[PDB]
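Chemist: Please read through the structure below; I'll follow up with questions.
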Amino acid sequence: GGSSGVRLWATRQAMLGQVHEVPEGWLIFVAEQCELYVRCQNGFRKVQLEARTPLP
Amino acid sequence: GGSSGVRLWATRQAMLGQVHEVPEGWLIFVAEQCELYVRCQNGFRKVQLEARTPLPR
Amino acid sequence: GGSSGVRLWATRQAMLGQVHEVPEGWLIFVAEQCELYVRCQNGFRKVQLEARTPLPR
(Lines give C-alpha, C1' and ligand atoms only; values in the text may rest on other atoms or scores of the structure.)
Protein backbone atom coordinates (compact mmCIF):
# COMPACT_ATOMS: atom_id res chain seq x y z
CA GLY A 1 0.00 0.00 0.00
CA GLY A 2 1.57 3.22 -1.28
CA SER A 3 1.13 6.84 -0.23
CA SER A 4 0.02 10.00 -2.02
CA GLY A 5 -0.64 13.46 -0.57
CA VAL A 6 -2.24 16.86 -1.26
CA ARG A 7 -1.17 19.38 -3.92
CA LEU A 8 -2.04 23.07 -3.58
CA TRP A 9 -2.65 26.09 -5.78
CA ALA A 10 -3.79 29.58 -4.89
CA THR A 11 -5.93 30.09 -7.97
CA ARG A 12 -7.97 28.02 -10.36
CA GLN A 13 -6.10 29.66 -13.26
CA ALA A 14 -2.77 28.35 -12.00
CA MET A 15 -4.14 24.93 -11.08
CA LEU A 16 -5.55 24.30 -14.56
CA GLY A 17 -2.16 24.85 -16.18
CA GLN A 18 -0.43 22.28 -13.98
CA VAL A 19 -3.03 19.78 -12.78
CA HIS A 20 -2.03 17.28 -15.49
CA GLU A 21 1.10 16.63 -13.44
CA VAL A 22 -0.80 15.41 -10.37
CA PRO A 23 -0.46 11.64 -9.84
CA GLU A 24 -3.38 9.31 -9.37
CA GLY A 25 -4.72 9.23 -5.83
CA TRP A 26 -3.48 12.69 -4.85
CA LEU A 27 -5.77 15.39 -3.55
CA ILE A 28 -5.89 18.86 -5.17
CA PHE A 29 -6.69 22.03 -3.23
CA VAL A 30 -7.51 25.37 -4.80
CA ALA A 31 -7.38 28.17 -2.24
CA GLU A 32 -9.42 30.97 -3.81
CA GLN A 33 -12.78 29.25 -3.20
CA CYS A 34 -11.43 26.55 -0.84
CA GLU A 35 -12.15 23.61 -3.19
CA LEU A 36 -10.83 20.07 -2.92
CA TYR A 37 -10.63 17.33 -5.55
CA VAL A 38 -9.09 13.89 -5.88
CA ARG A 39 -7.32 12.66 -9.00
CA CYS A 40 -8.65 9.43 -10.49
CA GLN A 41 -7.17 7.19 -13.17
CA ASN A 42 -8.97 9.15 -15.92
CA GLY A 43 -10.55 12.19 -14.33
CA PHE A 44 -11.29 14.03 -11.13
CA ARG A 45 -13.85 13.92 -8.31
CA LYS A 46 -14.80 16.97 -6.27
CA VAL A 47 -14.96 16.51 -2.50
CA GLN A 48 -18.24 17.66 -0.98
CA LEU A 49 -17.67 20.38 1.61
CA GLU A 50 -19.95 22.31 3.96
CA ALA A 51 -19.93 26.10 3.89
CA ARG A 52 -16.87 27.97 5.14
CA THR A 53 -16.91 28.90 8.84
CA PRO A 54 -14.38 30.65 11.09
CA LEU A 55 -14.60 27.83 13.67
CA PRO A 56 -15.13 24.06 13.29
CA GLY B 1 -0.67 18.30 15.85
CA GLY B 2 1.09 15.39 14.19
CA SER B 3 0.80 14.58 10.53
CA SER B 4 -0.82 11.66 8.74
CA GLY B 5 -1.27 11.37 4.99
CA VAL B 6 -3.07 9.42 2.29
CA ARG B 7 -2.66 5.68 1.63
CA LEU B 8 -3.71 4.11 -1.64
CA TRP B 9 -4.67 0.75 -3.11
CA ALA B 10 -5.63 -0.22 -6.65
CA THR B 11 -8.78 -2.19 -5.84
CA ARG B 12 -11.32 -2.64 -3.06
CA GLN B 13 -10.30 -6.28 -2.67
CA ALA B 14 -6.68 -5.28 -2.16
CA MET B 15 -7.60 -2.54 0.30
CA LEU B 16 -9.94 -4.64 2.44
CA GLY B 17 -7.19 -7.14 3.26
CA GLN B 18 -4.72 -4.54 4.56
CA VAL B 19 -6.73 -1.50 5.63
CA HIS B 20 -7.00 -2.43 9.31
CA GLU B 21 -3.29 -1.59 9.62
CA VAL B 22 -3.86 2.06 8.64
CA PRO B 23 -3.49 4.35 11.69
CA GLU B 24 -6.23 6.67 12.85
CA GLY B 25 -6.46 9.95 10.97
CA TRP B 26 -5.11 8.77 7.62
CA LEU B 27 -7.05 9.01 4.41
CA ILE B 28 -7.52 5.88 2.26
CA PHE B 29 -7.85 6.06 -1.54
CA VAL B 30 -9.19 3.12 -3.56
CA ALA B 31 -8.37 3.59 -7.24
CA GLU B 32 -10.94 1.20 -8.74
CA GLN B 33 -13.95 3.37 -7.85
CA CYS B 34 -11.91 6.53 -7.15
CA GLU B 35 -13.13 6.57 -3.55
CA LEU B 36 -11.83 8.05 -0.33
CA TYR B 37 -12.25 7.04 3.31
CA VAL B 38 -10.98 8.40 6.65
CA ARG B 39 -9.62 6.00 9.31
CA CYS B 40 -11.16 6.47 12.76
CA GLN B 41 -9.97 5.08 16.08
CA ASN B 42 -12.89 2.60 15.81
CA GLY B 43 -13.85 2.21 12.16
CA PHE B 44 -14.03 4.18 8.91
CA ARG B 45 -15.98 7.06 7.36
CA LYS B 46 -16.57 7.41 3.63
CA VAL B 47 -15.92 10.83 2.06
CA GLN B 48 -18.73 12.14 -0.12
CA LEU B 49 -17.48 12.80 -3.66
CA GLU B 50 -19.22 14.19 -6.72
CA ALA B 51 -19.23 12.13 -9.90
CA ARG B 52 -16.02 11.81 -11.90
CA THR B 53 -15.41 14.41 -14.62
CA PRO B 54 -12.56 14.85 -17.13
CA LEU B 55 -11.30 18.06 -15.50
CA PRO B 56 -11.60 19.57 -11.97
CA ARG B 57 -14.32 22.09 -12.82
CA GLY C 1 1.98 24.04 -7.11
CA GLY C 2 3.18 23.11 -3.65
CA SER C 3 2.20 20.32 -1.27
CA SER C 4 0.31 20.20 2.01
CA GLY C 5 -0.90 17.20 4.01
CA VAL C 6 -3.13 16.05 6.87
CA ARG C 7 -2.72 16.94 10.53
CA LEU C 8 -4.26 15.28 13.56
CA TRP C 9 -5.62 16.45 16.91
CA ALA C 10 -7.58 14.62 19.59
CA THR C 11 -10.23 17.32 20.11
CA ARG C 12 -11.67 20.44 18.54
CA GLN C 13 -10.28 22.50 21.43
CA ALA C 14 -6.78 21.04 21.12
CA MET C 15 -6.85 21.77 17.38
CA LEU C 16 -8.10 25.34 17.89
CA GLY C 17 -5.16 26.11 20.17
CA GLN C 18 -2.77 25.34 17.31
CA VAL C 19 -4.75 26.24 14.19
CA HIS C 20 -2.93 29.52 13.51
CA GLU C 21 0.04 27.28 12.66
CA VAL C 22 -1.96 25.47 9.95
CA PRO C 23 -1.84 27.06 6.46
CA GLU C 24 -4.69 27.02 4.00
CA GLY C 25 -4.97 23.75 2.10
CA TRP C 26 -4.05 21.40 4.91
CA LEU C 27 -6.56 18.81 5.98
CA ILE C 28 -7.38 18.60 9.69
CA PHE C 29 -8.54 15.42 11.41
CA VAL C 30 -10.16 15.63 14.86
CA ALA C 31 -10.26 12.25 16.54
CA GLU C 32 -13.25 13.09 18.74
CA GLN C 33 -16.16 12.47 16.35
CA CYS C 34 -13.74 11.32 13.58
CA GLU C 35 -14.17 14.56 11.68
CA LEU C 36 -12.27 16.04 8.79
CA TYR C 37 -11.90 19.69 7.83
CA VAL C 38 -9.95 21.64 5.27
CA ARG C 39 -8.20 24.83 6.27
CA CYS C 40 -9.13 27.94 4.35
CA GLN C 41 -7.69 31.43 4.68
CA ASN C 42 -9.35 32.59 7.94
CA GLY C 43 -11.48 29.49 8.50
CA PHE C 44 -12.49 25.90 7.80
CA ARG C 45 -14.76 23.85 5.58
CA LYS C 46 -16.03 20.58 7.00
CA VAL C 47 -15.71 17.56 4.71
CA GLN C 48 -19.00 15.75 4.28
CA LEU C 49 -18.47 12.26 5.71
CA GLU C 50 -20.82 9.29 5.91
CA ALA C 51 -21.42 7.56 9.20
CA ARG C 52 -18.70 5.66 11.04
CA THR C 53 -18.81 1.92 10.35
CA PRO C 54 -16.57 -0.97 11.41
CA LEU C 55 -15.58 -1.75 7.80
CA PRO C 56 -15.10 0.59 4.84
CA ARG C 57 -18.57 0.60 3.33
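Residues in the C-alpha coordinates are numbered from 1 in each chain, the chains being A, B, ... in the order shown, and ligands are numbered from 1 in the order shown.
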Within 6 Å of region 6-18 of chain C, counting only C-alpha atoms, which residues qualify if same-chain residues fewer than 6 places away don't, as a PDB file with N, CA, C and O atoms, in the first residue's frame?

Modeler:
ATOM      1  N   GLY B   1      -1.052  17.489  17.046  1.00  0.00           N
ATOM      2  CA  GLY B   1      -0.673  18.297  15.852  1.00  0.00           C
ATOM      3  C   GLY B   1       0.211  17.536  14.879  1.00  0.00           C
ATOM      4  O   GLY B   1       0.830  18.127  13.993  1.00  0.00           O
ATOM      5  N   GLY B   2       0.254  16.214  15.034  1.00  0.00           N
ATOM      6  CA  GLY B   2       1.093  15.393  14.187  1.00  0.00           C
ATOM      7  C   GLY B   2       0.458  15.181  12.835  1.00  0.00           C
ATOM      8  O   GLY B   2      -0.713  15.464  12.600  1.00  0.00           O
ATOM      9  N   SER B   3       1.248  14.662  11.916  1.00  0.00           N
ATOM     10  CA  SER B   3       0.802  14.576  10.532  1.00  0.00           C
ATOM     11  C   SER B   3       0.444  13.134  10.201  1.00  0.00           C
ATOM     12  O   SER B   3       0.994  12.189  10.770  1.00  0.00           O
ATOM     13  N   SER B   4      -0.494  12.971   9.283  1.00  0.00           N
ATOM     14  CA  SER B   4      -0.819  11.662   8.741  1.00  0.00           C
ATOM     15  C   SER B   4      -0.540  11.745   7.250  1.00  0.00           C
ATOM     16  O   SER B   4       0.560  12.128   6.839  1.00  0.00           O
ATOM     17  N   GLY B   5      -1.514  11.421   6.422  1.00  0.00           N
ATOM     18  CA  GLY B   5      -1.275  11.374   4.989  1.00  0.00           C
ATOM     19  C   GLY B   5      -2.400  10.610   4.326  1.00  0.00           C
ATOM     20  O   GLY B   5      -3.490  10.468   4.891  1.00  0.00           O
TER      21      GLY B   5
ATOM     22  N   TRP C  26      -4.299  22.576   4.112  1.00  0.00           N
ATOM     23  CA  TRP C  26      -4.047  21.397   4.910  1.00  0.00           C
ATOM     24  C   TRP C  26      -5.368  20.811   5.368  1.00  0.00           C
ATOM     25  O   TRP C  26      -6.318  21.539   5.679  1.00  0.00           O
ATOM     26  N   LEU C  27      -5.424  19.505   5.397  1.00  0.00           N
ATOM     27  CA  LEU C  27      -6.561  18.815   5.982  1.00  0.00           C
ATOM     28  C   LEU C  27      -6.311  18.616   7.467  1.00  0.00           C
ATOM     29  O   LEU C  27      -5.172  18.429   7.909  1.00  0.00           O
ATOM     30  N   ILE C  28      -7.394  18.655   8.234  1.00  0.00           N
ATOM     31  CA  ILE C  28      -7.383  18.605   9.689  1.00  0.00           C
ATOM     32  C   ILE C  28      -8.320  17.497  10.140  1.00  0.00           C
ATOM     33  O   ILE C  28      -9.519  17.534   9.857  1.00  0.00           O
ATOM     34  N   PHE C  29      -7.777  16.516  10.842  1.00  0.00           N
ATOM     35  CA  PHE C  29      -8.536  15.418  11.413  1.00  0.00           C
ATOM     36  C   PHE C  29      -8.664  15.632  12.917  1.00  0.00           C
ATOM     37  O   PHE C  29      -7.673  15.892  13.601  1.00  0.00           O
ATOM     38  N   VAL C  30      -9.876  15.521  13.429  1.00  0.00           N
ATOM     39  CA  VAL C  30     -10.159  15.632  14.856  1.00  0.00           C
ATOM     40  C   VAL C  30     -10.671  14.276  15.294  1.00  0.00           C
ATOM     41  O   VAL C  30     -11.702  13.813  14.796  1.00  0.00           O
ATOM     42  N   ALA C  31      -9.957  13.628  16.209  1.00  0.00           N
ATOM     43  CA  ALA C  31     -10.265  12.248  16.537  1.00  0.00           C
ATOM     44  C   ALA C  31     -11.607  12.130  17.244  1.00  0.00           C
ATOM     45  O   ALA C  31     -12.337  11.148  17.026  1.00  0.00           O
ATOM     46  N   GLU C  32     -11.933  13.074  18.115  1.00  0.00           N
ATOM     47  CA  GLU C  32     -13.248  13.088  18.744  1.00  0.00           C
ATOM     48  C   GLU C  32     -14.247  13.351  17.625  1.00  0.00           C
ATOM     49  O   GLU C  32     -14.204  14.410  16.989  1.00  0.00           O
TER      50      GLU C  32
END

Chemist: Please run DSSP on the backbone and report, as a PDB file with N, CA, C and O atoms, in the first residue's frame, all residues within chain A that come out as strand (DSSP E or B).

Modeler:
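See out.pdb below for the written result:
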ATOM      1  N   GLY A   2       0.785   2.011  -1.112  1.00  0.00           N
ATOM      2  CA  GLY A   2       1.569   3.221  -1.282  1.00  0.00           C
ATOM      3  C   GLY A   2       0.936   4.426  -0.623  1.00  0.00           C
ATOM      4  O   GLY A   2      -0.095   4.340   0.048  1.00  0.00           O
ATOM      5  N   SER A   3       1.580   5.578  -0.811  1.00  0.00           N
ATOM      6  CA  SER A   3       1.134   6.841  -0.234  1.00  0.00           C
ATOM      7  C   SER A   3       1.044   7.894  -1.325  1.00  0.00           C
ATOM      8  O   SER A   3       1.765   7.843  -2.334  1.00  0.00           O
ATOM      9  N   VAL A   6      -1.364  15.741  -0.878  1.00  0.00           N
ATOM     10  CA  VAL A   6      -2.236  16.859  -1.263  1.00  0.00           C
ATOM     11  C   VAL A   6      -1.386  17.911  -1.964  1.00  0.00           C
ATOM     12  O   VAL A   6      -0.362  18.341  -1.422  1.00  0.00           O
ATOM     13  N   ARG A   7      -1.803  18.312  -3.154  1.00  0.00           N
ATOM     14  CA  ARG A   7      -1.171  19.376  -3.916  1.00  0.00           C
ATOM     15  C   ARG A   7      -2.020  20.637  -3.825  1.00  0.00           C
ATOM     16  O   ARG A   7      -3.244  20.556  -3.779  1.00  0.00           O
ATOM     17  N   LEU A   8      -1.364  21.805  -3.815  1.00  0.00           N
ATOM     18  CA  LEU A   8      -2.044  23.070  -3.583  1.00  0.00           C
ATOM     19  C   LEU A   8      -1.739  24.118  -4.639  1.00  0.00           C
ATOM     20  O   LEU A   8      -0.611  24.228  -5.135  1.00  0.00           O
ATOM     21  N   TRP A   9      -2.768  24.895  -4.966  1.00  0.00           N
ATOM     22  CA  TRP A   9      -2.654  26.088  -5.782  1.00  0.00           C
ATOM     23  C   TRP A   9      -3.486  27.198  -5.161  1.00  0.00           C
ATOM     24  O   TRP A   9      -4.517  26.958  -4.550  1.00  0.00           O
ATOM     25  N   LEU A  27      -4.784  14.327  -3.713  1.00  0.00           N
ATOM     26  CA  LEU A  27      -5.770  15.395  -3.547  1.00  0.00           C
ATOM     27  C   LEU A  27      -5.217  16.704  -4.105  1.00  0.00           C
ATOM     28  O   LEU A  27      -4.000  16.916  -4.183  1.00  0.00           O
ATOM     29  N   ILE A  28      -6.147  17.578  -4.508  1.00  0.00           N
ATOM     30  CA  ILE A  28      -5.895  18.863  -5.168  1.00  0.00           C
ATOM     31  C   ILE A  28      -6.715  19.920  -4.462  1.00  0.00           C
ATOM     32  O   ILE A  28      -7.944  19.824  -4.403  1.00  0.00           O
ATOM     33  N   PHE A  29      -6.035  20.913  -3.903  1.00  0.00           N
ATOM     34  CA  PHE A  29      -6.693  22.026  -3.233  1.00  0.00           C
ATOM     35  C   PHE A  29      -6.479  23.304  -4.004  1.00  0.00           C
ATOM     36  O   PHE A  29      -5.368  23.599  -4.418  1.00  0.00           O
ATOM     37  N   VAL A  30      -7.555  24.054  -4.175  1.00  0.00           N
ATOM     38  CA  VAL A  30      -7.513  25.369  -4.801  1.00  0.00           C
ATOM     39  C   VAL A  30      -7.995  26.383  -3.776  1.00  0.00           C
ATOM     40  O   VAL A  30      -9.151  26.329  -3.351  1.00  0.00           O
ATOM     41  N   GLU A  35     -11.661  24.815  -2.537  1.00  0.00           N
ATOM     42  CA  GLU A  35     -12.145  23.611  -3.191  1.00  0.00           C
ATOM     43  C   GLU A  35     -11.126  22.485  -3.105  1.00  0.00           C
ATOM     44  O   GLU A  35      -9.909  22.710  -3.107  1.00  0.00           O
ATOM     45  N   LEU A  36     -11.641  21.266  -3.044  1.00  0.00           N
ATOM     46  CA  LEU A  36     -10.830  20.065  -2.925  1.00  0.00           C
ATOM     47  C   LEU A  36     -11.308  19.027  -3.917  1.00  0.00           C
ATOM     48  O   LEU A  36     -12.514  18.762  -4.028  1.00  0.00           O
ATOM     49  N   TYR A  37     -10.354  18.393  -4.612  1.00  0.00           N
ATOM     50  CA  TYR A  37     -10.627  17.327  -5.547  1.00  0.00           C
ATOM     51  C   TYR A  37      -9.686  16.170  -5.285  1.00  0.00           C
ATOM     52  O   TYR A  37      -8.659  16.319  -4.606  1.00  0.00           O
ATOM     53  N   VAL A  38     -10.013  15.014  -5.832  1.00  0.00           N
ATOM     54  CA  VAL A  38      -9.089  13.885  -5.883  1.00  0.00           C
ATOM     55  C   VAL A  38      -8.878  13.475  -7.327  1.00  0.00           C
ATOM     56  O   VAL A  38      -9.797  13.515  -8.144  1.00  0.00           O
ATOM     57  N   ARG A  39      -7.641  13.113  -7.655  1.00  0.00           N
ATOM     58  CA  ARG A  39      -7.317  12.665  -9.004  1.00  0.00           C
ATOM     59  C   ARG A  39      -7.548  11.164  -9.146  1.00  0.00           C
ATOM     60  O   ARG A  39      -6.992  10.341  -8.403  1.00  0.00           O
ATOM     61  N   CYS A  40      -8.363  10.814 -10.127  1.00  0.00           N
ATOM     62  CA  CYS A  40      -8.648   9.429 -10.491  1.00  0.00           C
ATOM     63  C   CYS A  40      -7.790   9.012 -11.671  1.00  0.00           C
ATOM     64  O   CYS A  40      -7.112   9.820 -12.284  1.00  0.00           O
ATOM     65  N   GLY A  43      -9.724  11.038 -14.613  1.00  0.00           N
ATOM     66  CA  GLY A  43     -10.552  12.194 -14.331  1.00  0.00           C
ATOM     67  C   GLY A  43     -10.370  12.616 -12.893  1.00  0.00           C
ATOM     68  O   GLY A  43      -9.330  12.367 -12.291  1.00  0.00           O
ATOM     69  N   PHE A  44     -11.361  13.344 -12.402  1.00  0.00           N
ATOM     70  CA  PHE A  44     -11.287  14.033 -11.134  1.00  0.00           C
ATOM     71  C   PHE A  44     -12.626  13.895 -10.439  1.00  0.00           C
ATOM     72  O   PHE A  44     -13.674  13.908 -11.103  1.00  0.00           O
ATOM     73  N   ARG A  45     -12.619  13.861  -9.101  1.00  0.00           N
ATOM     74  CA  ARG A  45     -13.852  13.921  -8.312  1.00  0.00           C
ATOM     75  C   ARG A  45     -13.758  15.032  -7.292  1.00  0.00           C
ATOM     76  O   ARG A  45     -12.760  15.122  -6.566  1.00  0.00           O
ATOM     77  N   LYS A  46     -14.765  15.875  -7.218  1.00  0.00           N
ATOM     78  CA  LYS A  46     -14.805  16.965  -6.266  1.00  0.00           C
ATOM     79  C   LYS A  46     -15.281  16.478  -4.907  1.00  0.00           C
ATOM     80  O   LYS A  46     -16.278  15.762  -4.814  1.00  0.00           O
ATOM     81  N   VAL A  47     -14.565  16.844  -3.862  1.00  0.00           N
ATOM     82  CA  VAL A  47     -14.956  16.505  -2.497  1.00  0.00           C
ATOM     83  C   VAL A  47     -16.081  17.437  -2.076  1.00  0.00           C
ATOM     84  O   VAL A  47     -16.013  18.653  -2.282  1.00  0.00           O
ATOM     85  N   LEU A  49     -18.045  19.590   0.452  1.00  0.00           N
ATOM     86  CA  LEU A  49     -17.671  20.381   1.613  1.00  0.00           C
ATOM     87  C   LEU A  49     -18.856  21.203   2.082  1.00  0.00           C
ATOM     88  O   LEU A  49     -19.660  21.669   1.259  1.00  0.00           O
ATOM     89  N   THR A  53     -16.646  28.307   7.532  1.00  0.00           N
ATOM     90  CA  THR A  53     -16.915  28.897   8.837  1.00  0.00           C
ATOM     91  C   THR A  53     -15.600  29.296   9.490  1.00  0.00           C
ATOM     92  O   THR A  53     -14.548  28.722   9.172  1.00  0.00           O
TER      93      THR A  53
END

Chemist: Mind the document's chain letters and residue numbers, and return as a ChimeraX atom specification the residues of chain A that DSSP labels alpha helix (DSSP H).

Modeler: /A:12-18

Chemist: Please produce an output containing N, CA, C and O atoms for each residue in the selection, written as a PDB file, in the first residue's frame.

Modeler:
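Printed below is again_18.pdb as written:
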ATOM      1  N   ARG A  12      -7.520  28.971  -9.355  1.00  0.00           N
ATOM      2  CA  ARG A  12      -7.973  28.017 -10.363  1.00  0.00           C
ATOM      3  C   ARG A  12      -7.171  28.151 -11.650  1.00  0.00           C
ATOM      4  O   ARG A  12      -6.829  27.145 -12.291  1.00  0.00           O
ATOM      5  N   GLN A  13      -6.869  29.386 -12.053  1.00  0.00           N
ATOM      6  CA  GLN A  13      -6.099  29.661 -13.264  1.00  0.00           C
ATOM      7  C   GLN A  13      -4.766  28.934 -13.242  1.00  0.00           C
ATOM      8  O   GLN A  13      -4.408  28.240 -14.204  1.00  0.00           O
ATOM      9  N   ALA A  14      -4.058  29.020 -12.119  1.00  0.00           N
ATOM     10  CA  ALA A  14      -2.769  28.353 -12.003  1.00  0.00           C
ATOM     11  C   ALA A  14      -2.927  26.841 -11.948  1.00  0.00           C
ATOM     12  O   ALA A  14      -2.176  26.114 -12.609  1.00  0.00           O
ATOM     13  N   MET A  15      -3.895  26.361 -11.177  1.00  0.00           N
ATOM     14  CA  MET A  15      -4.141  24.928 -11.085  1.00  0.00           C
ATOM     15  C   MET A  15      -4.367  24.303 -12.455  1.00  0.00           C
ATOM     16  O   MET A  15      -3.824  23.232 -12.752  1.00  0.00           O
ATOM     17  N   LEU A  16      -5.178  24.932 -13.298  1.00  0.00           N
ATOM     18  CA  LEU A  16      -5.553  24.299 -14.557  1.00  0.00           C
ATOM     19  C   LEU A  16      -4.373  24.138 -15.479  1.00  0.00           C
ATOM     20  O   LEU A  16      -4.375  23.220 -16.310  1.00  0.00           O
ATOM     21  N   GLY A  17      -3.349  24.976 -15.347  1.00  0.00           N
ATOM     22  CA  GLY A  17      -2.164  24.849 -16.181  1.00  0.00           C
ATOM     23  C   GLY A  17      -1.213  23.761 -15.760  1.00  0.00           C
ATOM     24  O   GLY A  17      -0.362  23.355 -16.568  1.00  0.00           O
ATOM     25  N   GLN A  18      -1.378  23.228 -14.539  1.00  0.00           N
ATOM     26  CA  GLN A  18      -0.429  22.281 -13.978  1.00  0.00           C
ATOM     27  C   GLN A  18      -1.065  20.995 -13.475  1.00  0.00           C
ATOM     28  O   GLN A  18      -0.338  20.057 -13.093  1.00  0.00           O
TER      29      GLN A  18
END

Chemist: Would you pick out the contacts of residue 44 (chain C) at 6 Å or less, using only C-alpha atoms, so that residues sharing its chain but fewer than 5 positions from it are not included, and give the list as a ChimeraX atom specification?

Modeler: /A:52-53 /C:38-39

Chemist: Can you work out the spacing between CA of residue 47 (chain B) and CA of residue 42 (chain A) in Å, to one decimal?

Modeler: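 The value is 19.4 Å.
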